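Notes follow the structure.
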Amino acid sequence: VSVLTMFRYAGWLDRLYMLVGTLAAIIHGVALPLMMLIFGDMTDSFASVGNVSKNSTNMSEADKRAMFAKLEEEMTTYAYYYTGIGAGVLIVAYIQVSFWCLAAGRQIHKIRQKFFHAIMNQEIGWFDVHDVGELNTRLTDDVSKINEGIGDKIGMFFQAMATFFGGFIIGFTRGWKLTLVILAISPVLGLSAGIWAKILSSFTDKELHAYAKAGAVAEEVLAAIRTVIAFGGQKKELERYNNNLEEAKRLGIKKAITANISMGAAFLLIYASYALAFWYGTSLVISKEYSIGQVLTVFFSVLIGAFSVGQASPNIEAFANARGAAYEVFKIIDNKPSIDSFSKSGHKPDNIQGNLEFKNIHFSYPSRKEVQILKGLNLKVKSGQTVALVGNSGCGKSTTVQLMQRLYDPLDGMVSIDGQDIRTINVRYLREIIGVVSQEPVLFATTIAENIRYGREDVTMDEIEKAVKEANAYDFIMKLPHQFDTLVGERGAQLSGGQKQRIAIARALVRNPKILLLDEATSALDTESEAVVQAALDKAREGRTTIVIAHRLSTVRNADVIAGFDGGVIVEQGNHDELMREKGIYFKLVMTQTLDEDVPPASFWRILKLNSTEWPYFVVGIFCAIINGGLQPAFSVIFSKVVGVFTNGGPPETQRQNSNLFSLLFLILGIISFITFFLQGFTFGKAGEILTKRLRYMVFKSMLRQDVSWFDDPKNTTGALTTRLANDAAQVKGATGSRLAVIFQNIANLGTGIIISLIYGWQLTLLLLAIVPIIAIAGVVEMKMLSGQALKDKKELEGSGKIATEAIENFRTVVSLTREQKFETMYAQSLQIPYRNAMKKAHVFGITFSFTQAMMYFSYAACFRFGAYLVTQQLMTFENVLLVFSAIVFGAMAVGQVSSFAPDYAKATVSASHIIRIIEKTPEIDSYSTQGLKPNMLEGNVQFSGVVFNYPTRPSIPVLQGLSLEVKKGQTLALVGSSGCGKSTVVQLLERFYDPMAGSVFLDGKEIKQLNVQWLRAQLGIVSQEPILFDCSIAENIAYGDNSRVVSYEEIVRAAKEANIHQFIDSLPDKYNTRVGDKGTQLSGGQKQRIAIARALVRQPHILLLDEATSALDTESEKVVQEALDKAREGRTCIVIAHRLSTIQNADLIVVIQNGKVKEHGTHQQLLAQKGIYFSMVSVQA
């Protein structure tokens, strides 16, 4: 595979830098065990000096002089080891970053410019395959990955290995026993982590299967939310959603449980291996002699080396992902896959004029989603003629024009322009002679001068002047401030669409074509702009060959030959009259034309407020983070005391202390950490669990208690709500997991470290905080400079992609052809600034990482440097020195955890905000109870007075304006409107989905405003235009149970008997108690609409609301439903809406509502005697 070789087109200096980066990376990684190699020689001599001090007990005069002089003489050489490596890691750092920038910069910039060229030079192919807009997003997002993949990540890979494999060499040579053991634990640790990954993967899918069910309930309810309201089953659908929530939590705790075993047992396996390494290391000294203390510290480096392999792995995956995404479309980048269509190199005779002769053309759909869409074609058009084409479709004329170009090639036939065919003619030349006036209005981001200037870059203002005057575009340019030089921002804002087309026409006048293909250039226009544009088209011909497609019979009257087509194959030819005489296509046309979510305020710890309210105890948990925090240094303290008694003293007692301490290194760490780790796991697990319940519960009830623009907006979509229930509840589990974790690292460095610092001699304390806050600050401040270059980089690429998205959204740019290379020139400069900036961040990023390694050696140097010196003369001990080194590594793990928890606090605050805004509510439907609860408080006499309505979307124009009606008890109020949508809205405002803005509605004198929600659906029944079932048994479907409804077998039988759906139910096994499949996808509309009626009469309505109860039905399906309605009705008030008149032919009071305004109203036979609006509608049925 070739992912940098051929990929970089084997660039000379690209290959050059690639070896230089590897070489500098080896020698960076080797150095790291080489520093610790130094720590071991320095450990040896000091022990040996100290050994001699303890064995004397008489000398301590001469020993105070010379032995310590020697340690100071070695210390100066040591200093130069640490410095020498220090200078080395600096230089070589800068080297590894150049790879990250300098190499990649000239490359991506090269890949991009040839890529952008290869799309225009392959013409059609790129446009065919996938979808532009979405296509150019992923690609500009992909080009940044390439930089990451050929960036220093490879260099970090080689570095990682140089520390592993290169370390292990020196470990292994200089002694083979401790190595053997250190390799022996490598598969045990790898076996365990492989069970881990299997547990993770398995339990995730299980959780998902649970939460799918909860999602599946959430999907249908929220989509169906108005419907679920209408039957009053809010509280029920809620109760089912709680069952699914019950399952998703029991799988929740087991996942948290098993995870806590993995994480616990993992630190156990670390501490075990670590103790076993040290123990076998000691048994070879005391009773034997195998280590002086040099190799022991180096074997510790072989343990650092394996941890490097684990850090390497993300670069490997970062590369895997860089490669795989680029390399698939790299195949498409290299070569032209269409060599059929090309923009470049041909040859023309230089033809003056062109007579089009089309001989035997047959061609298929360009996307091959239909085969053969032209059955033949013989067309001979000479110059001086105007041929008009007409059809049965608009598509087959567009096809001939697309073929006419070199955009597609005709499978059979050839179009001969002059003597030349369509492949002995040059592409560049083909375009210049071919004018196109298309229907879509030209888009541009720039001034009117530049827009002519894309036409030819050789155009003089004199030619600009004659152009616009002849295209009658010379009006608007004067009107606009700044004349021709007026900016048009966006993609049109200054100019209107008709004016856009005029400019394009003026643009073609500078081309001087001798072919014009006019595709609806005088259609889909106002009467005024048709006449203007027509004139321009008339003056642009002076004897040109043209082919005109229009839907205007006047322009097809001036064509010399009009040609009939069946939608792709020619049938008729001759003048206008000959066709009209045949009664052809031309004549056919003649007769045909005769809330606010993602606002700025954000959460300020409302997370822990909302969390704590629903928490009662678990204070032992919080306490456990503190003692498990402080548990971490002790492992190091014990370790310090180990090597301390291991160095000094003779053979008697040393074995016993090492054994004693070994058992202690186990019991204090391994045994306790597992216990306490699992207490903290029990706490943030059960917290994140019970939060998942309350949060999802208290949302879903709030969703039923609120209405209007919390799901009636296209950014509050149903899916978007379900997605919220997912992400927020998943997230809070990680939110609670981060708190105890932060307390753990707080005490772990700061807290205990101070306590450890007090038993120091406090020169060491001083020396230590000249390191720790600074190494921390170098790591946080690195991240602040990093992200600053990253922001500006994203910003740069915005402007470069933005002028790119203009070209690619236009397929029609290849038609000019000229402006392909002109655009890429403008790209080259636009892309030149981020290139130069890439060179700027090489030095900056170079220096940052350089200082970062500069602080590592500077730390170790000054640690041991100042750690000895004055101190050795007086009193100095092995202890406190590894505890300093431990405190150093504490400064690292702090930063690492904190930058990690920086986006957790973010995504949590956002989710905590979503949950707050929902609860704030807008409540027109909530729950209520205000009504008297008497069936004497209704007549069924619904008054409507000055009632206005407009959708929750405000620029929709009210469709009820000044409406007042009345309908008395036991009369059907029909409604019919040949304009508007004033039909459905009446039924809706009465259902109170959306409260009328003004006017009032009374149902007898009791206003809509004060109606209890519950009582409202106990006097109302609805038959929707879409009936929808829930996945539940059929008996629960015929009548759904509320808490105030009794459903019984006998009742739903009677219900099915009236509903005439009992026919199908009888034939289904078990009658009413059956369930088949899922939802209502098994059962036809007709069966379902019967079930919706059957649901209604449960509530015992006195007012029936029929939303299309006689539409979406045909033949018998209509009749059988109507029978079910007719029996359903007991002399009840009804609102029957639809524009179909069928059951309006017995409607007691027929109302013609025009746009909120009633025209005629009244009995059928009276209205039928009128010759007005109602009757006219009746006449036009016949």
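Starting from 1 in every chain, residues are counted up; chains themselves are A, B, ... following the order of the structure tokens, and ligands are numbered from 1 as listed.
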Next on the checklist: DSSP on the backbone, helix (DSSP H, G or I) only: what residues of stretch 693-854 of chain A does that give? Format it as a VMD selection string.
Outcome noted: chain A and resid 693 to 704 718 to 758 763 to 768 772 to 808 813 to 816 819 to 854
Item to check | Long-range neighbours of residue A:245 as a PyMOL selection string, 10 Å cut-off, only C-alpha atoms, 4 positions minimum in chain | outcome: chain A and resi 210-211+213-215+239-241+249-250+692-693+696-697
Item to check | residue A:728 surroundings by only C-alpha atoms, 9 Å radius, close-in-sequence under 5 positions cut, as a list in words | outcome: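 Those residues are residues 692, 695, 696, 723, 733, 907, 908, 910, 911, 912, 914 and 915 of chain A.
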Item to check | Of the listed residues A:1122, A:1181, A:297, A:446, that which approaches residue A:492 most closely, counting only C-alpha atoms | outcome: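 Going through A:1122, A:1181, A:297, A:446 one by one, the smallest distance to residue A:492 is for A:446.
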Item to check | Given only C-alpha atoms as the counted atoms, nearest of A:628, A:1048, A:709, A:522 to residue A:675 | outcome: A:628
Checklist entry - Of the candidates A:990, A:671, A:427, A:182, which one gets nearest to residue A:631 if we count only C-alpha atoms? => result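 Between A:990, A:671, A:427, A:182, the residue approaching residue A:631 most closely is A:671.
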Checklist entry - Which of stretch 963-1046 of chain A counts as strand (DSSP E or B) under DSSP, as a VMD selection string please? => result chain A and resid 963 to 967 972 to 976 1000 to 1002 1007 1020 to 1023
Next on the checklist: As an exercise, work out the distance from atom CA of residue A:959 to atom CA of residue A:993 in Å and give it to one decimal place.
Outcome noted: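 About the pair atom CA of residue A:959 and atom CA of residue A:993: they are 16.0 Å apart.
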Surrounding residues of residue A:623 excluding itself and chain neighbours under 4 positions, 12 Å, only C-alpha atoms, as a compact mmCIF listing (two decimals) with N, CA and C atoms, in the first residue's frame:
```
# COMPACT_ATOMS: atom_id res chain seq x y z
N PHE A 618 -25.10 9.67 50.19
CA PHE A 618 -23.96 9.06 49.53
C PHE A 618 -22.89 10.15 49.74
N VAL A 619 -22.55 10.33 51.01
CA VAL A 619 -21.51 11.35 51.56
C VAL A 619 -20.27 10.54 51.87
N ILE A 627 -10.00 9.86 50.47
CA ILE A 627 -9.07 8.78 50.97
C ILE A 627 -8.43 7.94 49.85
N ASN A 628 -9.06 7.74 48.69
CA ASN A 628 -8.51 6.98 47.55
C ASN A 628 -7.53 7.91 46.83
N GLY A 629 -7.71 9.26 46.92
CA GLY A 629 -6.80 10.28 46.40
C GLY A 629 -5.51 10.21 47.10
N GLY A 630 -5.51 10.26 48.42
CA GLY A 630 -4.41 10.22 49.34
C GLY A 630 -3.75 8.82 49.41
N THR A 676 -12.52 0.76 47.78
CA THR A 676 -12.82 2.14 47.71
C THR A 676 -13.23 2.58 46.35
N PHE A 677 -12.65 1.97 45.26
CA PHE A 677 -12.86 2.23 43.83
C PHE A 677 -14.23 1.88 43.44
N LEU A 679 -16.60 1.54 45.85
CA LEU A 679 -17.56 2.48 46.57
C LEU A 679 -17.85 3.69 45.70
N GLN A 680 -16.87 4.32 45.07
CA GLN A 680 -17.04 5.45 44.25
C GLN A 680 -17.80 5.10 43.01
N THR A 683 -21.52 4.90 43.63
CA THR A 683 -22.04 6.20 43.91
C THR A 683 -22.31 6.87 42.56
N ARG A 739 -16.93 14.46 38.93
CA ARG A 739 -16.79 15.10 40.21
C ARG A 739 -15.92 14.41 41.20
N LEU A 740 -16.12 13.14 41.49
CA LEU A 740 -15.34 12.43 42.54
C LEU A 740 -13.85 12.34 42.01
N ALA A 741 -13.72 12.21 40.70
CA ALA A 741 -12.47 12.10 39.97
C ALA A 741 -11.63 13.32 40.17
N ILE A 743 -11.91 15.52 42.77
CA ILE A 743 -11.51 15.53 44.23
C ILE A 743 -10.32 14.56 44.43
N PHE A 744 -10.30 13.39 43.70
CA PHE A 744 -9.25 12.44 43.77
C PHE A 744 -7.94 13.08 43.33
N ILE A 747 -6.48 16.14 46.16
CA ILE A 747 -5.87 15.72 47.33
C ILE A 747 -4.55 15.04 46.94
```
List the neighbours of residue A:1131 out to 9 Å using only C-alpha atoms; skip same-chain residues closer than 2 positions along the sequence, and give me the result as a PDB file with N, CA and C atoms, in the first residue's frame.
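Once written, selection36.pdb looks like this:
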```
ATOM      1  N   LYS A 969     -77.694  22.479  17.981  1.00  0.00           N
ATOM      2  CA  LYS A 969     -77.642  21.039  18.345  1.00  0.00           C
ATOM      3  C   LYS A 969     -78.315  20.026  17.402  1.00  0.00           C
ATOM      4  N   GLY A 970     -77.554  18.987  16.970  1.00  0.00           N
ATOM      5  CA  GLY A 970     -78.109  18.022  16.070  1.00  0.00           C
ATOM      6  C   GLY A 970     -78.185  18.369  14.626  1.00  0.00           C
ATOM      7  N   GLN A 971     -77.228  19.227  14.216  1.00  0.00           N
ATOM      8  CA  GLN A 971     -77.173  19.698  12.855  1.00  0.00           C
ATOM      9  C   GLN A 971     -75.730  19.596  12.527  1.00  0.00           C
ATOM     10  N   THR A 972     -75.428  19.227  11.272  1.00  0.00           N
ATOM     11  CA  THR A 972     -74.207  19.018  10.709  1.00  0.00           C
ATOM     12  C   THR A 972     -73.903  20.294  10.159  1.00  0.00           C
ATOM     13  N   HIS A1102     -70.878  14.934  21.812  1.00  0.00           N
ATOM     14  CA  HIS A1102     -72.142  15.547  21.376  1.00  0.00           C
ATOM     15  C   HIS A1102     -71.783  16.354  20.126  1.00  0.00           C
ATOM     16  N   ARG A1129     -73.370   8.528  14.601  1.00  0.00           N
ATOM     17  CA  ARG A1129     -74.133   9.677  14.896  1.00  0.00           C
ATOM     18  C   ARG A1129     -75.412   9.338  15.497  1.00  0.00           C
ATOM     19  N   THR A1133     -74.058  17.095  16.816  1.00  0.00           N
ATOM     20  CA  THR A1133     -73.441  18.204  16.115  1.00  0.00           C
ATOM     21  C   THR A1133     -72.169  17.673  15.444  1.00  0.00           C
TER      22      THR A1133
END
```
Checklist entry - Excluding same-chain residues fewer than 2 positions from residue A:253, what lies within 9 Å of it counting only C-alpha atoms, as a PyMOL selection string? => result chain A and resi 249-251+255-258+682+685-686+689
Next on the checklist: Counting only C-alpha atoms, which residue out of A:285, A:620, A:388, A:704 sits closest to residue A:237?
Outcome noted: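 Looking only at the distances to residue A:237, the closest residue turns out to be A:704.
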Next on the checklist: Under the rule that only C-alpha atoms are counted, which of A:233, A:616, A:481, A:391 is the nearest residue to residue A:1041?
Outcome noted: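 Using only C-alpha atoms, residue A:1041 sits closest to A:233.
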Next on the checklist: Quick one: residues within 12 Å of stretch 766-779 of chain A, only C-alpha atoms, excluding same-chain residues fewer than 2 positions away - as a VMD selection string?
Outcome noted: chain A and resid 749 to 750 753 to 754 756 to 758 760 to 764 781 to 786 847 to 868 880 to 899
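Closest approach to residue A:694 from the set A:787, A:613, A:1060, A:810 is made by A:613, with distances taken over only C-alpha atoms.
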Checklist entry - What gap, in Å, lies between atom CA of residue A:923 and atom CA of residue A:706? => result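 These atoms are spaced 4.7 Å apart.
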